[PDB]
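Q: got an experimental structure here, sequence first:
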Amino acid sequence: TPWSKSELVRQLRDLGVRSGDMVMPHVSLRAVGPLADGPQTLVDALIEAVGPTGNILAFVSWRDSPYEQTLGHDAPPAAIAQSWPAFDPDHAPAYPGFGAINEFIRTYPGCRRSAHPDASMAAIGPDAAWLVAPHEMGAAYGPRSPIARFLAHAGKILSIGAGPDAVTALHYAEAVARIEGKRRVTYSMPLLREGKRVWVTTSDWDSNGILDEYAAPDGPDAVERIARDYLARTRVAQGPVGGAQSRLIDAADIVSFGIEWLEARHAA
Ligand SMILES: NC[C@H]1O[C@H](O[C@H]2[C@H](O)[C@@H](O[C@H]3O[C@H](CO)[C@@H](O)[C@H](N)[C@H]3O)[C@H](N)C[C@@H]2N)[C@H](N)[C@@H](O)[C@@H]1O
Ligand SMILES: [Mg+2]
């Protein structure tokens, strides 16, 4: 029997999602199981559990981000620079690798999209506009980004069948941690400004490994190692959403744990 919206809403209530909550979901749809009306059933259940006063924040990114094509260069390669489409936040589809649910969240009516092409976030709720802006190049996940305002606004991380590597909010901990040898990257993004395509080159913290030992491909990063340690030492509400196992995590608490975790292991 495919899961109905109402069943999902009640499981989300059992897990601890309250009216008015600020929630960031990481969803594996395969672990959830079949839904009454496909992935939209889970989106509707999230909106309903969070209520008319709550908020959803999702890391959707961009399907056609020229990250690899421009990473390491002082300027976009000529072939890339002439033909690559500019980031249109109203029509650019989400990145499928971060979850198939994100394209349904971003096309939901009233959803707002942040301006960062590679680190794009989508928000639904009365505080959506406050969440998504500003989001500038050079502040992907660090202070002054949507994740920062999410952390200050009692955000909860809702992992539905996702692994510990999926906690996007922990990249904030990498940004602010006082440790030596933090890796940075340089890449270019095509932005749409006053109707016109403009290429912008910036540098930011390497979101694929803040230090060399976490940048390996094979290859657990700092985010996964922090999350595994956290989940082994912390009481966290656990339960099923659909057929997937889910955890509701206090975002400020795990980020705070991540800063101490990184700073205890690497001198300043
Ligand atoms: N390093 C190990 C981790 O890698 C990926 O997670 C990363 C993404 O790679 C990164 O993405 C960036 O780099 C990609 C590859 O160059 C580009 O395609 C993409 N546009 C660009 O946003 C996110 N920003 C942060 C996230 N933790 C895997 N999901 C995760 O399971 C694994 O633990
Ligand atoms: Mg409010």
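A: Nice, I can see it. Numbering: from 1, shown residues only. Ligands and ions are numbered 1, 2, ... in the order given.

Q: residue 94 belongs to a strand?
A: No: the assignment for residue 94, made by DSSP: H, G, I helix; E, B strand; the rest coil, is coil rather than a strand.

Q: separation between it and ligand 1?
A: For residue 94, the distance to ligand 1 equals 11 Å [C-beta to the nearest ligand atom, to the nearest Å]. The C-beta positions use only the backbone N, C-alpha and C, and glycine is treated the same way.

Q: okay, now residue 96: neighbour count?
A: For residue 96, the neighbour count with other C-beta atoms under 10 Å is 11.

Q: quick one: it from ligand 1, how far?
A: Applying C-beta to the nearest ligand atom, the value for residue 96 to ligand 1 is 11 Å.

Q: was I right about residue 215 contacting residue 183?
A: Yes: counting by C-beta atoms under 8 Å, residue 215 does reach residue 183; the two are 6.5 Å apart.

Q: any common contacting residues for those two?
A: 206, 209 (C-beta atoms under 8 Å, 6 or more residues apart in numbering).

Q: which residues does the nearest residue to residue 250 once chain neighbours are set aside contact?
A: Nearest non-adjacent residue to residue 250, counting by C-beta to C-beta, 6 or more residues apart in numbering: residue 156, 6.4 Å away. By C-beta under 8 Å, 6+ apart, the residues touching residue 156 are 17, 21, 22, 23, 24, 248, 249, 250, 251.

Q: from the residues you listed, which is closest to ligand 1?
A: residue 24 (14.0 Å; C-beta to the nearest ligand atom).

Q: and after the helix or strand containing that closest one, which helix or strand comes next?
A: Element membership for residue 24, per DSSP states H and E: strand 22-27. Under the assignment DSSP H and E, the closest C-terminal helix or strand after strand 22-27 is helix 29-32.

Q: which residues sit against that following helix?
A: By C-beta under 8 Å, 6+ apart, helix 29-32 touches 3, 39, 42, 99-101, 160-161, 241-245.

Q: which one of those residues has the most neighbours?
A: Highest neighbour count within the contacts of helix 29-32, by other C-beta under 10 Å: residue 241, with 31 neighbours.

Q: who does it bridge with?
A: Residues in a beta bridge with residue 241, per DSSP bridges, are residue 244.

Q: of the contacts of helix 29-32, closest to ligand 1?
A: residue 99 (9.9 Å).

Q: output the set of residues of this structure in proximity to ligand 1.
A: With C-beta under 6 Å from any ligand atom as the criterion, the chain meets ligand 1 at residues 61, 65, 67, 68, 118, 165, 207, 208, 209, 221, 223, 224.

Q: let me have these in TSV, extended by secondary structure and neighbour count.
A: Formatted as TSV, the residues of the chain next to ligand 1 follow (DSSP: H, G, I helix; E, B strand; the rest coil; neighbours: other C-beta atoms under 10 Å):
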residue	secondary structure	neighbour count
61	coil	23
65	coil	21
67	helix	19
68	helix	8
118	coil	19
165	helix	16
207	coil	19
208	coil	16
209	coil	19
221	coil	23
223	helix	24
224	helix	17
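
Q: neighbours around residue 127, how many?
A: 18.

Q: not counting its neighbours along the chain, what's nearest it?
A: Counting by C-beta to C-beta, 6+ apart, residue 55 is the residue found nearest to residue 127 once chain neighbours are left out, at 5.0 Å.

Q: wait, that neighbour sits on residue 130?
A: No: applying C-beta under 8 Å, one finds residue 55 not in contact with residue 130, separated by 9.2 Å.

Q: out of these two, which sits in the more crowded spot?
A: Set residue 55 next to residue 130 and count neighbours by other C-beta under 10 Å: residue 55 wins out with 22 against 14.

Q: what pairs with that one across the strands?
A: Residues in beta-bridge contact with residue 55 (DSSP bridges): residue 22.
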